[PDB]
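S.K.: when you get a sec, could you give me coordinates for this:
(3 chains)
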Amino acid sequence: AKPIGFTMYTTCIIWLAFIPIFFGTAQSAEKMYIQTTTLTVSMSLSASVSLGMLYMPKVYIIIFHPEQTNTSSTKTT
Amino acid sequence: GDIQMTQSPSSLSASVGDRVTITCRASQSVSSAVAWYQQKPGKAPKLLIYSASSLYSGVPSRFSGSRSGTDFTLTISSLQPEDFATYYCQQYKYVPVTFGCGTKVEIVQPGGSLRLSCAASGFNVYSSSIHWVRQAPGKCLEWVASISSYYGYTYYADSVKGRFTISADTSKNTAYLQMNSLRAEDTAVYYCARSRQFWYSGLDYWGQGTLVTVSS
Amino acid sequence: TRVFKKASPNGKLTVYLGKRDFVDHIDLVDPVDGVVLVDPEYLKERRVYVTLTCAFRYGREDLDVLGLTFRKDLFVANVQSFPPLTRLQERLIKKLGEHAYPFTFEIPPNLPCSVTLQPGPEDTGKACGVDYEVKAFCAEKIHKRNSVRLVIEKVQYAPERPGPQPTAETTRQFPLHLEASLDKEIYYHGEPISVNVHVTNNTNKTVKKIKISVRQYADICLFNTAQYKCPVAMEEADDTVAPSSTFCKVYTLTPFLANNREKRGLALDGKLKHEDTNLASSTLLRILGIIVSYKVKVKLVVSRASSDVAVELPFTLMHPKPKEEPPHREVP
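M.R.: Numbering: from 1, shown residues only, chains lettered A, B, ... in the order given. Shown next is the protein structure:
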């Protein structure tokens, strides 16, 4: 559950940074360079965060550390 | 079926100061689940010995119990004038308790319906089991019904099936017998009793039996 | 005295024990002591081995549909008996004779007690939980003919002296104040539980419902899985507290097995074969298995949308120490 939580927090931050920038930097700082760079970097970062924070511990645990008839009664005076 | 618990001595001369012995014989093996009771004339029975060797609390250290096979023995080393009553033998290993015949130590149409109520104080229906028994004039004790609410199960005797249904009010801590059809053998004295839960050490506490005169 | 006995399916091997429940104090667990009897010398050189085992077994519906079950053996001990003696062992040897040979086991402390989880209707096999066993076999592989199995149960009983009164309170600002207490901390099985609740409501919004519940938590330590939460017994009341007003009440609630039979996974005291057993008794932390604990939750559903204010009180539920051994059956 902790990997899922960390993934969601990181992706929430990523989207929060992404959308404002993708709208603002369309004609102010640059038009073709910055917008495309921002969009591609955001998508790639979200995917890399997913794999790094959810699947890397599983890879650590798979490859390395693979280590993981009836009863009776008598009277004994 | 009903394990016949035969009590050999019908009566005993039992002169004061003497050692007296009463014997009880079972048709089958009931292990060591055998209890002894004492009934003064016109009163409720009182538990004396449970597990065939253990003396109940408050019992003077004169009564002793023993078991060799299916034979069970109650021995009073010193007899006193206070100790003159009827002695009963019971087994509590199987569903019918099957009391035994007494040993005496002496020197409304069927359509009619009636209900009895037990006033129980300081008891819980979930930590106790409630029992109903009856005694006819000149006969051994007869078991009518039983209820246990922690597991939620009730038992009735063969003769009282359909015409007898016992219940318990947990809020008022009361027990009911609720006779519906009264046949010939319903003229008796009806005793209300309580037993422990998760452990049976005999019908420890007894209620004042009520006298019923029915069946014409 | 009376001792328990068992015989081999072929009949040539016999085992005698004195008890079936072994109390576990802060001190050493009561030692297991018994006798093994090979009446004939059909064993030319093969000897009789005595093993004490502890087993933990778990399985859940989702893991069943996937196909995953968890089995583990916490404690295994073996002894070559046939090759100091307590009074009971000496009396057993004297009564039996030369063939009688004694065996003894010492259960170390900090081990799980016997616990069983309530099976449903579908499963008709071995129950899940923690259980102990004593197995005697004629081996110099284990054969069903030679070996005999006797199920023992390590148990604990209520401490002689109770602890402090469980009381707890909370405050919440939007303020509203809640507090509650219990009569004692140790309750016996079948005895009603009496809780005192007291609330002070000064906010304009009122409270509309009060719920009191008994919850059981079974922590399955090994093969990590989430704990088992269960509302054993509930009492719901429609009560209103006016603003700037207080409200005090006393409630009584009793757990039992009659209404909880349909629940699967409920923790219960160890069973020998199939007998009815009450709810499980709280484990004294003072391990490596099902740890059972009980709590009581009181909840006020405040106002409309809206929320609740809750307080949890822990109490211990056990059996008093008995003078006689439990029958481990149904007494009538």
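S.K.: helices along chain A, start to end?
M.R.: Taking DSSP state H, the helices of chain A run over residues A:2-24, A:33-50, A:56-62.
S.K.: just the stretch 1-150 of chain C next, same as before
M.R.: C:61-66, C:87-96 (DSSP state H, counting those that start in this stretch).
S.K.: how about these, which one is nearest chain A?
M.R.: Comparison of the helices of the stretch 1-150 of chain C against chain A by Cβ to the nearest Cβ identifies helix C:87-96 as nearest, at 5.0 Å. For every residue, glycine as well, the C-beta is placed using N, CA and C.
S.K.: now for the closest one, which elements pack on it?
M.R.: Helix C:87-96 is packed against strand C:32-38, strand C:101-105, with contacts defined by 3 or more Cβ pairs under 8 Å, 6 or more residues apart in numbering or on different chains; DSSP states H and E.
S.K.: how far is that helix from where the chain is centred?
M.R.: Offset of helix C:87-96 from its chain centre (Cα atoms, centre = their mean, to the nearest Å): 33 Å.
S.K.: C-alpha coordinates for that helix, PDB please?
M.R.: Output of helix C:87-96 as PDB, limited to C-alpha atoms (Å, rounded to 0.1, in the frame of the first residue of the first chain):
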ATOM      1  CA  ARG C  87       5.200 -38.600  41.200                       C
ATOM      2  CA  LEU C  88       2.600 -39.300  38.400                       C
ATOM      3  CA  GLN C  89       5.100 -40.900  36.100                       C
ATOM      4  CA  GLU C  90       6.400 -43.200  38.900                       C
ATOM      5  CA  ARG C  91       2.900 -44.200  39.900                       C
ATOM      6  CA  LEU C  92       2.100 -44.900  36.200                       C
ATOM      7  CA  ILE C  93       5.200 -47.000  35.900                       C
ATOM      8  CA  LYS C  94       4.400 -48.900  39.100                       C
ATOM      9  CA  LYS C  95       0.900 -49.600  37.900                       C
ATOM     10  CA  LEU C  96       1.900 -50.600  34.400                       C
END
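S.K.: buried residues, it. List them.
M.R.: Buried residues in helix C:87-96, counted by 16 or more other Cβ atoms under 10 Å in any protein chain shown: C:88, C:89, C:91, C:92, C:93, C:96.
S.K.: repeat for stretch C:311-323
M.R.: Buried-residue list, stretch C:311-323, by 16+ other Cβ under 10 Å: C:311, C:313, C:315, C:316, C:317, C:318, C:319.
S.K.: would TSV of the helices of the stretch 1-150 of chain C with distance to residue C:302 be doable?
M.R.: As requested, these are exported to TSV (distance: least, Cβ to Cβ, whole Å):
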stretch	distance to residue C:302
helix C:61-66	35
helix C:87-96	62
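S.K.: and chain B, which of its residues are near chain C?
M.R.: Neighbours of chain C within chain B, by Cβ under 8 Å from any Cβ of the partner chain: B:32-33, B:51, B:54, B:92-95, B:97, B:124, B:126-128, B:146, B:149-152, B:155, B:197-201.
S.K.: what count of nearby residues applies to residue 63?
M.R.: Since you didn't name a chain, this refers to chain A. Using other Cβ atoms under 10 Å in any protein chain shown, residue A:63 has 8 neighbouring residues.
S.K.: correction: the question concerned chain B.
M.R.: The local packing of residue B:63 (other Cβ under 10 Å) involves 18 other residues.
S.K.: so how far is chain B from residue C:310?
M.R.: Note on residue C:310: its distance to chain B, by Cβ to the nearest Cβ, to the nearest Å, is 27 Å.
S.K.: now swap in residue C:207 and tell me
M.R.: Taking Cβ to the nearest Cβ as the measure, residue C:207 falls 26 Å from chain B.
S.K.: next: residue C:210.
M.R.: 19 Å.
S.K.: is it true that that residue touches residue C:237?
M.R.: Yes. Using Cβ atoms under 8 Å, residue C:210 is in contact with residue C:237, at 4.8 Å.
S.K.: what do those two both touch?
M.R.: Residues within reach of residue C:210 and of residue C:237 at once, by Cβ atoms under 8 Å, 6 or more residues apart in numbering or on different chains, are residue C:249.
S.K.: and those two? which has more neighbours close in?
M.R.: Between residue C:210 and residue C:237, residue C:210 has the larger neighbour count (other Cβ under 10 Å), namely 23 against 11.
S.K.: now do the phi/psi pair for the residue of chain A found nearest chain C.
M.R.: Among the residues of chain A, residue A:72 lies nearest to chain C; the distance is 4.5 Å by Cβ to the nearest Cβ. Recorded main-chain torsions at residue A:72 are phi -140, psi -140, according to degrees, to the nearest 10.
S.K.: how close does it get to residue B:17?
M.R.: 42 Å (Cβ to Cβ, to the nearest Å).
S.K.: which one's more surrounded, these two?
M.R.: Shown here are residue A:72 and residue B:17; by other Cβ under 10 Å, residue A:72 has more neighbours (11 against 8).
S.K.: what is the burial count for residue B:203?
M.R.: 27.
S.K.: please identify which helix or strand holds it.
M.R.: In the assignment (DSSP states H and E), residue B:203 maps to no helix and no strand.
S.K.: how about it, what does it touch?
M.R.: Contacts of residue B:203 (Cβ under 8 Å, 6+ apart): B:35, B:37, B:45, B:47, B:131, B:133, B:193, B:194, B:195.
S.K.: please redo it, this time with the cut-off set to 6 Å
M.R.: Residue B:203 is in contact with B:193, B:195, counting by Cβ atoms under 6 Å, 6 or more residues apart in numbering or on different chains.
S.K.: residue C:220 too?
M.R.: residue C:290.
S.K.: how far away is it from residue C:156?
M.R.: Counting by Cβ to Cβ - residue C:220 and residue C:156 are separated by 19 Å.
S.K.: could you dump the helices of chain A into TSV and include distance to residue C:43 and mean neighbour count?
M.R.: Formatted as TSV, the helices of chain A follow (distance: least, Cβ to Cβ, whole Å; neighbours: other Cβ atoms under 10 Å in any protein chain shown):
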stretch	distance to residue C:43	mean neighbour count
helix A:2-24	58	13
helix A:33-50	65	14
helix A:56-62	49	11
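S.K.: tell me which of those sits nearest to residue C:182.
M.R.: Proximity to residue C:182, assessed across the helices of chain A by Cβ to Cβ, is greatest for helix A:2-24 (35.6 Å).
S.K.: what does that closest one contact?
M.R.: For helix A:2-24, contacts defined as Cβ under 6 Å, 6+ apart pick out A:38, A:42, A:45, A:46, A:49, A:50, A:53, A:54.
S.K.: which residue comes closest to the third one once chain neighbours are left out?
M.R.: With Cβ to Cβ, 6 or more residues apart in numbering or on different chains as the measure, residue A:14 is the residue that lies nearest to residue A:45, at 5.7 Å, once sequence neighbours are left out.
S.K.: which one of the helices and strands packed on helix C:87-96 is the most hemmed in?
M.R.: When you average the neighbours per residue for each of those (mean count of other Cβ atoms under 10 Å in any protein chain shown), strand C:32-38 leads with a mean of 22.
S.K.: what packs against that one?
M.R.: Applying 3 or more Cβ pairs under 6 Å, 6 or more residues apart in numbering or on different chains; DSSP states H and E, one finds that strand C:32-38 makes contact with strand C:13-17, helix C:87-96, strand C:101-105.
S.K.: the ones you listed: which one's closest to residue C:306?
M.R.: Comparison of the helices and strands packed on strand C:32-38 against residue C:306 by Cβ to Cβ identifies strand C:101-105 as nearest, at 58.5 Å.
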